[PDB]
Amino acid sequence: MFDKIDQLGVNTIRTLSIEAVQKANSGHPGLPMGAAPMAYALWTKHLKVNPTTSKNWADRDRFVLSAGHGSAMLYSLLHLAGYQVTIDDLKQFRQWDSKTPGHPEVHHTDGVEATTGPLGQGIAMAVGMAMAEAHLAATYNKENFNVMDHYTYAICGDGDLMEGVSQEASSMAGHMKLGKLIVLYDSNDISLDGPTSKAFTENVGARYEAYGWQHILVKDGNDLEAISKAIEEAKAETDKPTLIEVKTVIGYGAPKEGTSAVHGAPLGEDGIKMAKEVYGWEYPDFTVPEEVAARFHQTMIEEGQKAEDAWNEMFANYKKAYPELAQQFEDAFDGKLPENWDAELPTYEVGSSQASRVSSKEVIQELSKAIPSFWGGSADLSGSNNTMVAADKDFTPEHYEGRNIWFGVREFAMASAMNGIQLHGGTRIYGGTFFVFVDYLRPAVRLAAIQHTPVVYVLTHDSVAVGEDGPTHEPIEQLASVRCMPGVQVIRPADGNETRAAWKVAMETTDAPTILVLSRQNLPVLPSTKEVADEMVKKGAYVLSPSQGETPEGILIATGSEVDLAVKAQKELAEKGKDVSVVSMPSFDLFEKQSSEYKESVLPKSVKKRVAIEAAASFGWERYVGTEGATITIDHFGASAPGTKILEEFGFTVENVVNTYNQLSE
């Protein structure tokens, strides 16, 4: 059962958390106090992790604290568990260069599996982690070798479940029958501003039951045994994901328990003392009882070591029995793209005019054949986005080996799950939606930037050329909205050859989300792209068509579909005697990470006659065009019309670029 030492451990977590919040004079103490029993039971009796090996173990049970305001409890848990969070690390909570940030951040603190500040994304990321385990289990598990047999756990709050991303993810998870996803809900019945009664009165468990989820109610948050029994029931439900609703008194033992006051402000030294009185805690501050430390050592370090060693031996036998597949497992988790992966990648010729999206599909198809760890889907847009791998099955409960994922019209959930799949390891994911609906998945793109996750976004329908669907479905500001974001690689391919090479950047990217901005409209193949694209797209901007002279009199900058106008302009300008360089800038960010010498080759400082043609906003174009430069952009919303007409009416004609260049030349 659960002994007195076990309750000491619970209260150690409680005291460490609340002390850490107080020293910082910042932080959230209520959830740590309320959720400390459910956390303790999970880690000590049910979570299989080897703290000694950190996150290196592939089959570690995955735990996400979606309610990141409980960071102090997680740090308390990592310290007790044997991860490298020290007592002094706890004391530096919410301080400069601390290993204990106010909200958990992956790769900043040992043992944190996800960056979980924003609400609902952690659940969705945990959904994706179970998707990955089911997929990798089906892909690699053979009889007598359970190479992937682990559970995804999350601890959420009332806020996580009021967010659409979780609701989207939970319907997804229920559909995908993720029996190994166990979410613990800290139903403290309170939120930041007050009681759940003022805005959140739904039957969460019934909703989850409608999604296909098992719902277990533990009416006593402080009954460890009831929580441990619930986890076992959830593990027994192999066909359905499980929500264990743990009713807790936020700030348990504190004077202001069951109020919003304990949510986000330090309890105060009065609160700590009174809470300790309830616990009978007369221990010194930032002190862990010896009994507790040994309990955590036996329960987590010792058992964890035995489990990984056992798994490691099974993999040893697995490698002998199935050498090629085991190596694949190893290479996928280490992010090693297969040899000659790019060999059969499509190439295109000057006669051709193919949409960037069709070109993407072709790259995707060969990528899927070559890379067995490559998988992905769309938000009900695979036909429109051309994100489907023909010759591969769909990712279904019946065939988890399938690598085509039907996310549904759940873009945010797709994006966050994708972040979780990347975080899990063994897979490279892509996700498809229209470019205008990047808005829906934007917070998860920002999480991917912070988390340095090599997610690929296949976002199509880049411009007003979509046409008849109209302003709501035509991106204008979306290219700028991603470019300001730190940590995101945004590439708009200008032809098929640029598209192939953009995918190659994404495949070879290991620390950044990559957004691919692709076109519905058919894209004519440009002059040098067949030969130079693979080498020069990664440089962000290159001289697609050079001027006749060493120094161009002017320079035309263009991205994507509008680079064709540029080359046609170059010739018309030549007939009137003007010599201009045409630069393809697929990516702003890739270009800025290049040398000053390279930037000079593409955009020489001498030439102030810079005209930029982009079917997008003008924001940030003065960086390259200049104060004195000119730009053909759209700074207004779209229209419902044949796309060819909208472009023509919005100034994307060879004649207009000539006139604007000539006016600037004056």
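Position 1 is the first residue in the sequence shown; the rest follow in order.
**Q** Looking only at CA atoms, which has the higher mean B factor in the entry: 313-321 or 165-173?
**A** That would be 313-321.
**Q** Looking at the entry, does 115-123 or 572-580 show the higher mean C-alpha B-factor?
**A** Taking the mean C-alpha B-factor of 115-123 and of 572-580, the larger value falls to 572-580.
**Q** Highest Cα B-factor in the deposition, which of 144, 422, 514, 416?
**A** In this record, 144 carries the highest C-alpha B-factor of the candidates.
**Q** Per the PDB entry, which option out of 439, 160, 535, 110 has the greatest Cα B factor?
**A** Result of the comparison over 439, 160, 535, 110: 535.
**Q** Place residue 22 in the lowest, middle or highest third of its chain's C-alpha B-factors, as listed in the PDB entry.
**A** Lowest third, going by the recorded CA B-factors of the chain.
**Q** If you rank the chain by CA B-factor, which third does residue 39 end up in: lowest, middle or highest?
**A** Within its chain, residue 39 is a lowest-third residue by C-alpha B-factor, going by the deposited values.
**Q** With respect to C-alpha B-factor, does residue 214 fall in the lowest, middle or highest third of the chain as deposited?
**A** CA B-factor rank for residue 214: lowest third.
**Q** What third of the chain, by the recorded C-alpha B-factor, contains residue 196?
**A** For residue 196, whose C-alpha B-factor we compare with every modelled residue in the chain, the answer is the lowest third.
**Q** Which third, lowest, middle or highest, does the CA B-factor of residue 385 fall in along this chain?
**A** Top third by C-alpha B-factor.
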